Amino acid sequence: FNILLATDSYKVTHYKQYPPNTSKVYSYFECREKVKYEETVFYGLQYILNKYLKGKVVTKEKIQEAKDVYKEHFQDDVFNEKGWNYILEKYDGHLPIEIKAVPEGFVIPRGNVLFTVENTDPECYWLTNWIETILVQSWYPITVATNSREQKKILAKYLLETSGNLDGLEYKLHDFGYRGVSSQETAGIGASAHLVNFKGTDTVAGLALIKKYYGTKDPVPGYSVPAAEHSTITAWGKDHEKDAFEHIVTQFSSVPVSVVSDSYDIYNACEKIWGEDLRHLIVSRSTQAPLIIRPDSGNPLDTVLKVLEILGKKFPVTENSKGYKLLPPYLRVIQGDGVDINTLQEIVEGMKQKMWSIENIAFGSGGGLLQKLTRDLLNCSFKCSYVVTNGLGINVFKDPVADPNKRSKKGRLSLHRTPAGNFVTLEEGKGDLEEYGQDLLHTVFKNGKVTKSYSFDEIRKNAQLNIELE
């Protein structure tokens, strides 16, 4: 990893473009104002700061390597070899940058400053926007954590309306997204961000990331259960789906087990295989070891409804204290297909309309949870707001005539909590008046060092829902 090769190519050319005699470039990150995502979960910066920004990130080899690539890439000598050599000589390869950030886990309304970046040495005025590319990648854990939390709000609302409590809320949205993501690094990042709101993951990669960069009092940040896949059912032969089912439930008779039931026919598997042929191996299972029937195809809500009506006619359905239908404690369902924030809302609402409790279901989400997300969902944006040229500080911004939503903030910024509990980003250095109490941004990075860290437990507490706090 070479930081000199970890920026957009045009940024190599930027030191020649700023006004001459520029000593300071001060930039900020926000999730611009426009399912509506009124508030965001700030998560993921600590990982970027530790893995890519801290310490001696510049060597004489990294400088020569970058110089060789750019001479070929640009078919010209644009690379600021002097500027990078200055950091190696004066700071021993440490970045003369200061990053102020809102605490990780914090839930902030859209259109507020979440972090700021500035150079601590006038010679490195160009360094502020060099590191934009790598810092803006924080849109991803921010976005995964916000959308995951938004799904938690739906799940918490419906579990409370149908059962009167939130038992098992942190295990109702499982991460199945490991194969559907673009890389091993993305898998670890995305899974850690879902782990801010939930405890269930199959993306093993996220456990190591939390352990390495955040830390938990608990041994592991995420848990899972044994489960079948199509290969372990179909491997038995079409006529032996019953034997596959029976072998798997016997092998995991004392822990919960998820068995994919749609390999040939989900309805027949529920009605005849689970409902009749092996009914005797289900009704015997413990409350702590249920069979979780997994449909994996067709219309998500239509399938969940039919599956529940089938199991209702084969197994004893009771009624909870809220008057909702409950499958016996040794029988549950998981819908791990076509699940996204939109279909999740549709299924729980469809189940509630049919008087089925949400205690009955869990959800699995892959691509919808970790991949089908973009930087534009939250309008995650990094912009220059303040510059010092010829010793004179100027408020800088953009304001495209065709898009007022692309209007950025002016000057030195600070985030504050109002007495009524609202959030305010004070522009043009107005925060120096101390009218709204202490600024919510804290220095997390300064001169190659991580100055402030957060544990995964702290993040989790900061990201808690209001329903959870009651």
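Only the largest set of C-alpha atoms that superpose within 1.5 Å between the two forms is called the rigid core. Residue numbers run from 1 along the displayed sequence.
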{"item": "Positional deviation of Cα atoms in 7 other deposited structures of this protein after core superposition, greater for 110-118 or 314-322", "value": "314-322"}
{"item": "Other compared entries missing residue 35, a third or more", "value": "yes"}
{"item": "Deposited residues lacking coordinates between residue 34 and residue 35 (none, 1 to 3, 4 to 9, 10 or more)", "value": "4 to 9"}
{"item": "Mean Cα B-factor comparison, 320-328 or 191-199, giving the higher one as deposited", "value": "320-328"}
{"item": "Higher-scoring stretch by recorded Cα B factor average, 210-218 or 145-153", "value": "210-218"}
{"item": "Residue, from 233, 227, 78, 361, that the PDB entry assigns the highest Cα B-factor", "value": "78"}
{"item": "Highest recorded Cα temperature factor - choice among 57, 45, 444, 415", "value": "57"}
{"item": "Within-chain third of residue 122 by Cα B-factor, per the entry", "value": "highest"}
{"item": "Chain third (lowest, middle, highest) by recorded CA B-factor, residue given as residue 21", "value": "highest"}
{"item": "Chain third (lowest, middle, highest) by recorded CA B-factor, residue given as residue 13", "value": "middle"}
{"item": "B-factor third for the C-alpha atom of residue 271 within its chain", "value": "middle"}
{"item": "Third of the chain, ranked by Cα B-factor, where residue 66 sits", "value": "highest"}
